[PDB]
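Visitor: My structure is below; once you've seen it, I'll send some questions.
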Amino acid sequence: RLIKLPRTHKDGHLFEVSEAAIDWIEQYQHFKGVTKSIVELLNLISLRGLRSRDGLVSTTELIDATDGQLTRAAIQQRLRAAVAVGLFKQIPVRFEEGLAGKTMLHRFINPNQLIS
C-alpha cells in the first residue's frame, strides 16, 4: 500500500515481484496480442526480481538491467501494450512517508483470471 524508502519518484513505475509469475509468463504466450516484445519486458522483470529486496522492480532498474539498451520510452511502450492485453493490474500507490505524489504499481494477473 505504501512504498517505502529508498524508493522515490525517480524509480518510475513499479512491478510487484512474484515467483508464480515465472510460470505465468510462459502461459501468457498462448494469449492473443502477447508479442515477443512484451515477453522481453516480462522476462526482464522476472529476472531482475531475483535480486529484489523489497518485492518490487522499478522501470529504472529495468533500464539498468539492459545496460541502457531499453529506454524509459521502450519500457513504457511494452508496458502499455501488456496492460492492453490484460497482463497487469495497474494499482496507484503513494509513498506517504513525508513524500507526496503517486506512481503506478503493476501486479501480474493470473492467466486463469485473464481468460475469465
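For the C-alpha cells, the naming scheme is as follows: chains receive sequential letters (A, B, ...) according to their order of presentation, residues are indexed from 1 within each chain, and ligands are indexed from 1 in presentation order.
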Mind running stretch 47-101 of chain A against stretch 9-14 of chain A at 9 Å and telling me each contacting residue's nearest atom pair with the distance in Å (one decimal), counting only C-alpha atoms, chain and number ascending, as a Markdown table?

Guide:
| residue | atom | partner | partner_atom | distance |
| --- | --- | --- | --- | --- |
| A:56 | CA | A:14 | CA | 6.4 |
| A:57 | CA | A:14 | CA | 5.7 |
| A:58 | CA | A:14 | CA | 4.5 |
| A:59 | CA | A:13 | CA | 5.5 |
| A:60 | CA | A:11 | CA | 5.2 |
| A:61 | CA | A:11 | CA | 7.6 |
| A:72 | CA | A:12 | CA | 8.8 |
| A:76 | CA | A:13 | CA | 8.9 |
| A:95 | CA | A:9 | CA | 8.8 |
| A:101 | CA | A:9 | CA | 8.0 |

Visitor: Just N, CA and C atoms for this one: save the residues we selected as a tab-separated table (two decimals), in the first residue's frame.

Guide:
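Output file result18.tsv follows:
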chain	number	residue	atom	x	y	z
A	56	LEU	N	9.73	-5.44	-5.12
A	56	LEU	CA	9.45	-4.57	-6.25
A	56	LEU	C	10.64	-4.56	-7.21
A	57	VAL	N	10.34	-4.19	-8.45
A	57	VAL	CA	11.30	-3.87	-9.50
A	57	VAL	C	10.82	-2.58	-10.17
A	58	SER	N	11.72	-1.62	-10.36
A	58	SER	CA	11.28	-0.36	-10.95
A	58	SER	C	11.67	-0.31	-12.42
A	59	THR	N	11.01	0.57	-13.18
A	59	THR	CA	11.44	0.80	-14.56
A	59	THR	C	12.89	1.31	-14.61
A	60	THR	N	13.32	2.05	-13.59
A	60	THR	CA	14.72	2.49	-13.56
A	60	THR	C	15.66	1.30	-13.49
A	61	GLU	N	15.35	0.32	-12.64
A	61	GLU	CA	16.16	-0.89	-12.56
A	61	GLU	C	16.09	-1.69	-13.86
A	72	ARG	N	13.48	4.33	-21.02
A	72	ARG	CA	12.19	4.51	-20.38
A	72	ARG	C	11.06	4.44	-21.39
A	76	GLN	N	8.01	1.77	-21.35
A	76	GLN	CA	6.64	2.27	-21.30
A	76	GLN	C	5.82	1.77	-22.47
A	95	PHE	N	3.78	7.10	-1.54
A	95	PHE	CA	4.93	6.89	-0.66
A	95	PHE	C	4.58	7.21	0.79
A	101	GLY	N	2.69	12.75	-3.74
A	101	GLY	CA	2.71	12.22	-5.09
A	101	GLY	C	2.48	10.72	-5.15

Visitor: Atom CA of residue A:71 to atom CA of residue A:91: how many Å, to one decimal?

Guide: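 About the pair atom CA of residue A:71 and atom CA of residue A:91: they are 22.5 Å apart.
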
Visitor: Just the number, please: distance in Å from atom CA of residue A:81 to atom CA of residue A:94, one decimal.

Guide: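 So the answer is 24.1 Å.
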
Visitor: Neighbours of residue A:99 within 12 Å (only C-alpha atoms; same-chain residues fewer than 6 positions away dropped), as an MDAnalysis selection string?

Guide: chainID A and resid 2:9 93

Visitor: Fewer than 2 positions away in the same chain doesn't count, so skip those; otherwise give me all residues within 12 Å of residue A:43, counting only C-alpha atoms, as a ChimeraX atom specification.

Guide: /A:17,19,21-26,28-29,36-41,45-50,62,65-66

Visitor: Output N, CA, C and O atoms for every residue in that selection, as a compact mmCIF listing (two decimals), in the first residue's frame.

Guide:
# COMPACT_ATOMS: atom_id res chain seq x y z
N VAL A 17 7.12 -8.13 -7.60
CA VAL A 17 7.76 -9.40 -7.88
C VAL A 17 6.85 -10.54 -7.46
O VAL A 17 6.22 -10.50 -6.40
N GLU A 19 7.02 -15.00 -7.72
CA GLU A 19 7.59 -16.22 -8.27
C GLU A 19 6.58 -17.03 -9.08
O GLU A 19 6.98 -17.77 -9.99
N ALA A 21 4.53 -15.74 -11.17
CA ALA A 21 4.54 -15.15 -12.50
C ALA A 21 5.60 -15.77 -13.39
O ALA A 21 5.49 -15.68 -14.62
N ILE A 22 6.61 -16.42 -12.81
CA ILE A 22 7.63 -17.06 -13.63
C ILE A 22 7.00 -18.14 -14.51
O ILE A 22 7.35 -18.29 -15.69
N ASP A 23 6.03 -18.88 -13.96
CA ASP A 23 5.29 -19.83 -14.79
C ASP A 23 4.25 -19.14 -15.67
O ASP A 23 4.04 -19.54 -16.82
N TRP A 24 3.57 -18.11 -15.14
CA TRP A 24 2.53 -17.42 -15.88
C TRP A 24 3.06 -16.87 -17.20
O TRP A 24 2.33 -16.82 -18.20
N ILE A 25 4.31 -16.41 -17.20
CA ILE A 25 4.87 -15.72 -18.36
C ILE A 25 4.93 -16.65 -19.56
O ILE A 25 4.63 -16.25 -20.69
N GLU A 26 5.33 -17.90 -19.34
CA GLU A 26 5.24 -18.89 -20.41
C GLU A 26 3.80 -19.15 -20.81
O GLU A 26 3.52 -19.42 -21.98
N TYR A 28 1.31 -16.88 -20.67
CA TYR A 28 0.77 -15.71 -21.35
C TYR A 28 0.93 -15.81 -22.86
O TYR A 28 0.14 -15.23 -23.62
N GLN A 29 1.95 -16.54 -23.33
CA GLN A 29 2.25 -16.59 -24.75
C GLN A 29 1.20 -17.34 -25.55
O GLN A 29 1.27 -17.32 -26.78
N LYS A 36 6.55 -11.01 -28.82
CA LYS A 36 7.91 -11.19 -28.35
C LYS A 36 8.39 -9.97 -27.57
O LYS A 36 9.09 -10.10 -26.56
N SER A 37 8.02 -8.77 -28.03
CA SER A 37 8.45 -7.54 -27.37
C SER A 37 7.84 -7.39 -25.98
O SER A 37 8.47 -6.80 -25.09
N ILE A 38 6.61 -7.88 -25.77
CA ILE A 38 6.07 -7.88 -24.41
C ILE A 38 6.77 -8.92 -23.55
O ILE A 38 7.13 -8.66 -22.40
N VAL A 39 6.98 -10.13 -24.10
CA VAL A 39 7.66 -11.18 -23.34
C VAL A 39 9.04 -10.70 -22.90
O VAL A 39 9.47 -10.99 -21.78
N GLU A 40 9.74 -9.95 -23.75
CA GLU A 40 11.04 -9.40 -23.37
C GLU A 40 10.95 -8.60 -22.07
O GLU A 40 11.73 -8.82 -21.14
N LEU A 41 10.03 -7.64 -22.02
CA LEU A 41 9.80 -6.91 -20.78
C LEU A 41 9.50 -7.86 -19.62
O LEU A 41 10.08 -7.73 -18.54
N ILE A 45 11.62 -8.18 -16.01
CA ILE A 45 11.06 -8.03 -14.67
C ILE A 45 11.32 -9.28 -13.83
O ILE A 45 11.80 -9.20 -12.70
N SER A 46 10.99 -10.45 -14.37
CA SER A 46 11.21 -11.70 -13.65
C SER A 46 12.67 -11.85 -13.24
O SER A 46 12.98 -12.04 -12.06
N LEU A 47 13.59 -11.72 -14.19
CA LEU A 47 15.00 -11.94 -13.88
C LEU A 47 15.53 -10.90 -12.90
O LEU A 47 16.27 -11.23 -11.97
N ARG A 48 15.15 -9.63 -13.08
CA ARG A 48 15.58 -8.61 -12.14
C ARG A 48 14.96 -8.82 -10.76
O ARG A 48 15.55 -8.41 -9.75
N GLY A 49 13.77 -9.44 -10.69
CA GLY A 49 13.14 -9.71 -9.41
C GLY A 49 13.91 -10.68 -8.54
O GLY A 49 13.75 -10.67 -7.31
N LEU A 50 14.74 -11.52 -9.15
CA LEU A 50 15.63 -12.41 -8.41
C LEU A 50 16.45 -11.67 -7.36
O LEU A 50 16.71 -12.21 -6.28
N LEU A 62 14.95 -1.65 -14.54
CA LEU A 62 14.83 -2.35 -15.82
C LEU A 62 15.75 -1.75 -16.87
O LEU A 62 16.42 -2.48 -17.61
N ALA A 65 19.16 -2.88 -16.16
CA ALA A 65 19.36 -4.30 -16.46
C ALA A 65 19.67 -4.54 -17.94
O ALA A 65 20.28 -5.56 -18.28
N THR A 66 19.21 -3.66 -18.84
CA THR A 66 19.57 -3.75 -20.25
C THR A 66 20.81 -2.93 -20.60
O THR A 66 21.10 -2.76 -21.79

Visitor: Check stretch 15-99 of chain A with DSSP on the backbone and list each residue it calls strand (DSSP E), as number ranges by chain.

Guide: A: 15-16, 56-58, 88-94

Visitor: To test your reading of the structure, identify every residue in chain A that backbone DSSP assigns to helix (DSSP H, G or I), and report it as a ChimeraX atom specification.

Guide: /A:9-11,20-28,36-49,59-65,72-85,111-114

Visitor: Would you save the residues of that selection, restricted to N, CA and C atoms, as a compact mmCIF listing (two decimals), in the first residue's frame?

Guide:
# COMPACT_ATOMS: atom_id res chain seq x y z
N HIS A 9 10.11 8.86 -6.50
CA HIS A 9 9.51 9.04 -7.82
C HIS A 9 10.50 8.75 -8.93
N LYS A 10 11.78 9.04 -8.69
CA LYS A 10 12.84 8.77 -9.65
C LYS A 10 12.89 7.30 -10.07
N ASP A 11 12.36 6.38 -9.25
CA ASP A 11 12.39 4.98 -9.64
C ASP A 11 11.46 4.72 -10.83
N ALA A 20 5.29 -16.92 -8.75
CA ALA A 20 4.26 -17.57 -9.56
C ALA A 20 4.26 -17.04 -10.99
N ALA A 21 4.53 -15.74 -11.17
CA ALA A 21 4.54 -15.15 -12.50
C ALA A 21 5.60 -15.77 -13.39
N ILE A 22 6.61 -16.42 -12.81
CA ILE A 22 7.63 -17.06 -13.63
C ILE A 22 7.00 -18.14 -14.51
N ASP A 23 6.03 -18.88 -13.96
CA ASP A 23 5.29 -19.83 -14.79
C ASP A 23 4.25 -19.14 -15.67
N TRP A 24 3.57 -18.11 -15.14
CA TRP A 24 2.53 -17.42 -15.88
C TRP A 24 3.06 -16.87 -17.20
N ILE A 25 4.31 -16.41 -17.20
CA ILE A 25 4.87 -15.72 -18.36
C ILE A 25 4.93 -16.65 -19.56
N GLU A 26 5.33 -17.90 -19.34
CA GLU A 26 5.24 -18.89 -20.41
C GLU A 26 3.80 -19.15 -20.81
N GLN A 27 2.86 -19.07 -19.86
CA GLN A 27 1.46 -19.30 -20.22
C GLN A 27 0.85 -18.11 -20.95
N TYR A 28 1.31 -16.88 -20.67
CA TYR A 28 0.77 -15.71 -21.35
C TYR A 28 0.93 -15.81 -22.86
N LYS A 36 6.55 -11.01 -28.82
CA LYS A 36 7.91 -11.19 -28.35
C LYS A 36 8.39 -9.97 -27.57
N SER A 37 8.02 -8.77 -28.03
CA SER A 37 8.45 -7.54 -27.37
C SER A 37 7.84 -7.39 -25.98
N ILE A 38 6.61 -7.88 -25.77
CA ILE A 38 6.07 -7.88 -24.41
C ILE A 38 6.77 -8.92 -23.55
N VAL A 39 6.98 -10.13 -24.10
CA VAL A 39 7.66 -11.18 -23.34
C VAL A 39 9.04 -10.70 -22.90
N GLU A 40 9.74 -9.95 -23.75
CA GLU A 40 11.04 -9.40 -23.37
C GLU A 40 10.95 -8.60 -22.07
N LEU A 41 10.03 -7.64 -22.02
CA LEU A 41 9.80 -6.91 -20.78
C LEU A 41 9.50 -7.86 -19.62
N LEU A 42 8.59 -8.83 -19.83
CA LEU A 42 8.21 -9.74 -18.74
C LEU A 42 9.40 -10.53 -18.23
N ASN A 43 10.20 -11.09 -19.14
CA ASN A 43 11.39 -11.83 -18.72
C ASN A 43 12.34 -10.94 -17.92
N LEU A 44 12.45 -9.67 -18.32
CA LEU A 44 13.35 -8.75 -17.63
C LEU A 44 12.91 -8.52 -16.19
N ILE A 45 11.62 -8.18 -16.01
CA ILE A 45 11.06 -8.03 -14.67
C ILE A 45 11.32 -9.28 -13.83
N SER A 46 10.99 -10.45 -14.37
CA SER A 46 11.21 -11.70 -13.65
C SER A 46 12.67 -11.85 -13.24
N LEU A 47 13.59 -11.72 -14.19
CA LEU A 47 15.00 -11.94 -13.88
C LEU A 47 15.53 -10.90 -12.90
N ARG A 48 15.15 -9.63 -13.08
CA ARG A 48 15.58 -8.61 -12.14
C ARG A 48 14.96 -8.82 -10.76
N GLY A 49 13.77 -9.44 -10.69
CA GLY A 49 13.14 -9.71 -9.41
C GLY A 49 13.91 -10.68 -8.54
N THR A 59 11.01 0.57 -13.18
CA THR A 59 11.44 0.80 -14.56
C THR A 59 12.89 1.31 -14.61
N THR A 60 13.32 2.05 -13.59
CA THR A 60 14.72 2.49 -13.56
C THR A 60 15.66 1.30 -13.49
N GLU A 61 15.35 0.32 -12.64
CA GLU A 61 16.16 -0.89 -12.56
C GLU A 61 16.09 -1.69 -13.86
N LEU A 62 14.95 -1.65 -14.54
CA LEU A 62 14.83 -2.35 -15.82
C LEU A 62 15.75 -1.75 -16.87
N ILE A 63 15.79 -0.42 -16.96
CA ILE A 63 16.74 0.25 -17.85
C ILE A 63 18.15 -0.24 -17.56
N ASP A 64 18.56 -0.15 -16.29
CA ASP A 64 19.92 -0.55 -15.92
C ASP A 64 20.19 -2.02 -16.23
N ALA A 65 19.16 -2.88 -16.16
CA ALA A 65 19.36 -4.30 -16.46
C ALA A 65 19.67 -4.54 -17.94
N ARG A 72 13.48 4.33 -21.02
CA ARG A 72 12.19 4.51 -20.38
C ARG A 72 11.06 4.44 -21.39
N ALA A 73 11.27 5.03 -22.57
CA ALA A 73 10.23 5.05 -23.58
C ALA A 73 9.91 3.65 -24.08
N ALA A 74 10.94 2.82 -24.30
CA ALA A 74 10.69 1.47 -24.80
C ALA A 74 10.00 0.60 -23.75
N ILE A 75 10.42 0.71 -22.49
CA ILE A 75 9.71 0.02 -21.40
C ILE A 75 8.25 0.45 -21.37
N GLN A 76 8.01 1.77 -21.35
CA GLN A 76 6.64 2.27 -21.30
C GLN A 76 5.82 1.77 -22.47
N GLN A 77 6.43 1.68 -23.67
CA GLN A 77 5.71 1.17 -24.83
C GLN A 77 5.26 -0.27 -24.61
N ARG A 78 6.20 -1.15 -24.25
CA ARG A 78 5.84 -2.54 -23.95
C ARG A 78 4.85 -2.60 -22.79
N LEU A 79 5.00 -1.72 -21.81
CA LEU A 79 4.08 -1.75 -20.67
C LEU A 79 2.67 -1.38 -21.09
N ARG A 80 2.50 -0.35 -21.94
CA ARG A 80 1.16 -0.01 -22.40
C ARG A 80 0.52 -1.17 -23.16
N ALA A 81 1.31 -1.86 -23.99
CA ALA A 81 0.76 -2.98 -24.75
C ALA A 81 0.36 -4.12 -23.83
N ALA A 82 1.19 -4.40 -22.82
CA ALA A 82 0.92 -5.50 -21.90
C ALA A 82 -0.33 -5.23 -21.06
N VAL A 83 -0.53 -3.98 -20.66
CA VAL A 83 -1.77 -3.60 -19.98
C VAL A 83 -2.97 -3.81 -20.90
N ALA A 84 -2.85 -3.40 -22.17
CA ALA A 84 -3.98 -3.53 -23.09
C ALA A 84 -4.40 -4.98 -23.28
N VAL A 85 -3.46 -5.92 -23.15
CA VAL A 85 -3.83 -7.33 -23.26
C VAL A 85 -4.47 -7.84 -21.96
N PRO A 111 -3.14 -16.09 -15.27
CA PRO A 111 -3.79 -16.43 -16.55
C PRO A 111 -5.17 -17.04 -16.39
N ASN A 112 -5.41 -17.81 -15.32
CA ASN A 112 -6.76 -18.32 -15.08
C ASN A 112 -7.76 -17.19 -14.91
N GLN A 113 -7.33 -16.08 -14.31
CA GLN A 113 -8.17 -14.89 -14.20
C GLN A 113 -8.30 -14.17 -15.54
N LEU A 114 -7.21 -14.09 -16.31
CA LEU A 114 -7.24 -13.40 -17.60
C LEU A 114 -8.36 -13.92 -18.48
